[PDB]
Amino acid sequence: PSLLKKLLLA
Amino acid sequence: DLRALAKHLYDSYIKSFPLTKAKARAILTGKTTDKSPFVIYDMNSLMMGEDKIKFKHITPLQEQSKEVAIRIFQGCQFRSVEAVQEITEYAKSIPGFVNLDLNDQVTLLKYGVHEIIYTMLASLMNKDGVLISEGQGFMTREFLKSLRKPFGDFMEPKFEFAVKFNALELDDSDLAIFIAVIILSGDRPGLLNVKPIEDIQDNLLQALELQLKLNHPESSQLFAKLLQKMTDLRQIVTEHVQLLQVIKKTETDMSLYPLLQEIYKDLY
Ligand SMILES: CN(CCOc1ccc(C[C@H](Nc2ccccc2C(=O)c2ccccc2)C(=O)O)cc1)c1ccccn1
């Protein structure tokens with residue numbers, strides 16, 4: 001549930 | 001080629017950050033065609049400019065609290081969330097960054113973003129205030145300092161850093177490489193593979209040194225002066241976290257946005 005991972009994978 | 005790397009970083013910098021230092025300086029010096037920003041210097045001028053501060057939530061910014069300091073707190077963390085997103089987009093354009101282990105990419109962002117934020121705040125500051133809402137408004141240093149404790153203690157060390165940092169007279173081409181150097185710090189806690197990170201920062205540092213010699217041939221040892229600012233930013237972060245903890249221990253309804261909570265959780 002990492003929001004930073006979501007921004008990095010976009 | 002170090003000049004090609006510098007130009008690539010600058011191009012990504014222009015794409016990722018809507019309000020550059022060049023655009024900010026044109027606003028701060030009034031040498032621009034658009035109208036002057038709304039100036040917030042006291043309670044009345046804040047109430048008149050409050051709805052022009054970018055803030056998208058359940059209720060308008062003016063309804064966040066009866067206290068002026070808390071409304072400033074809420075509006076600032078809305079900006080911070082978007083600032084982290086801009087810095088993340090720029091970080092992904094740094095050659096080699098997205099090839100690193102994803103967990104190391106997270107770590108470099110977790111520890112780097114606020115150091116980048118405070119670096120780029122200086123671009124939006126003069127000795128008397130800071131531009132807000134993409135240059136649409138201007139909030140004075142005296143007003144931010146007049147807020148009740150601990151709210152009045154947040155911005156003042158950032159202004160103090162900015163006065164000294166702006167004396168270096170860097171431009172956007174310099175800053176693009178400098179912030180990339182900061183993101184690619186091999187000594188961040190919990191990094192899995194330090195070597196490939198240091199390999200990238202080595203090239204970034206060489207590109208930075210060449211950039212400063214070409215763009216500032218009169219500023220001898222500008223490279224050495226700038227490197228010392230990288231450690232100042234870590235002190236600012238340490239002081240900032242302590243103020244946020246005073247908020248968490250002594251204030252009630254206040255809660256950081258989810259993205260900010262993730263960054264600060266288990267930080268150092
Ligand atoms: C000052 N300014 C420009 C953006 O300045 C930044 C100054 C600092 C930051 C970093 C960010 N800060 C906060 C996060 C949550 C709540 C408050 C703060 C403050 O730092 C703060 C506290 C009290 C008073 C003023 C600020 C962080 O830690 O993530 C991000 C942006 C504002 C202010 C209000 C609304 C919009 N534009």
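Below are the figures for this structure:
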{"quantity": "Listed residue pairs exceeding 29 Å between alpha carbons, taken from B:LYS21/B:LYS145; B:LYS54/B:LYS110; B:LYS54/B:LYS265; B:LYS15/B:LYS249", "calculated": "B:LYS15/B:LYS249"}
{"quantity": "Loop GluC sites (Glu not before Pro), the range B:1-88 (other Cβ atoms within 10 Å of the site Cβ: 14 or fewer; DSSP)", "calculated": "B:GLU67"}
{"quantity": "Once exposed loop trypsin sites (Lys or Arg not before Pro) are cut out (DSSP; at most 12 other Cβ, 10 Å), longest piece of chain B", "calculated": "B:149-264"}
{"quantity": "Farthest toward positive dipole pole in the range B:158-204 [+1 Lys/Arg, -1 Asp/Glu at C-beta], among B:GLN201, B:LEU175, B:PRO189", "calculated": "B:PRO189"}
{"quantity": "Computed [θ] at 222 nm, helices only, for the protein assembly as shown once each DSSP H run of length n ≥ 4 contributes -39500 (n - 2.57)", "calculated": "-19500 deg cm²/dmol"}
{"quantity": "Net length gained if the chain between B:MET43 and B:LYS127 were fully extended (0.36 nm per residue, minus Cα distance)", "calculated": "28.2 nm"}
{"quantity": "J(HN,Hα) series, the range B:79-88, from Karplus relation 6.51 cos²θ - 1.76 cosθ + 1.60, nearest Hz, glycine and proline x", "calculated": "5, 4, 4, 5, 5, 4, 5, 5, 5, 4"}
{"quantity": "Computed Rg/Rh of the range B:187-268, alpha carbon atoms with Kirkwood Rh", "calculated": "1.13"}
{"quantity": "Linear extension gain, B:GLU89 paired with B:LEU192, 0.36 nm per residue minus alpha-carbon span", "calculated": "34.9 nm"}
{"quantity": "For chain B, alpha-carbon Rg relative to the globular expectation (2.2 N^0.38 Å, N residues)", "calculated": "1.02"}
{"quantity": "B:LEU168/B:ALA22 FRET efficiency (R0 22 Å; Cβ-Cβ; nearest 0.05)", "calculated": "0.90"}
{"quantity": "Proximal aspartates and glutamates relative to B:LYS195, as straight alpha-carbon distance under 20 Å, when same-chain residues fewer than 8 apart are discounted", "calculated": "B:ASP101, B:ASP104, B:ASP187"}
{"quantity": "Reduced Cα scattering model of the protein assembly as shown, Debye log10 I(q)/I(0), q = 0.12 Å⁻¹", "calculated": "-0.77"}
{"quantity": "Modelled label reach - B:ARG3, point 7 Å along Cα→Cβ, the range B:216-234 residues with backbone N closer than 17 Å", "calculated": "B:216-217"}
{"quantity": "Extension reserve of the B:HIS57-B:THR250 stretch, reckoned as 0.36 nm per residue once the Cα distance is removed", "calculated": "67.1 nm"}
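Every number here is computed from the coordinates shown, using simple stated rules; none is lab data. Cβ atoms come from the backbone with ideal geometry, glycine included; neighbour counts cover every protein chain shown.
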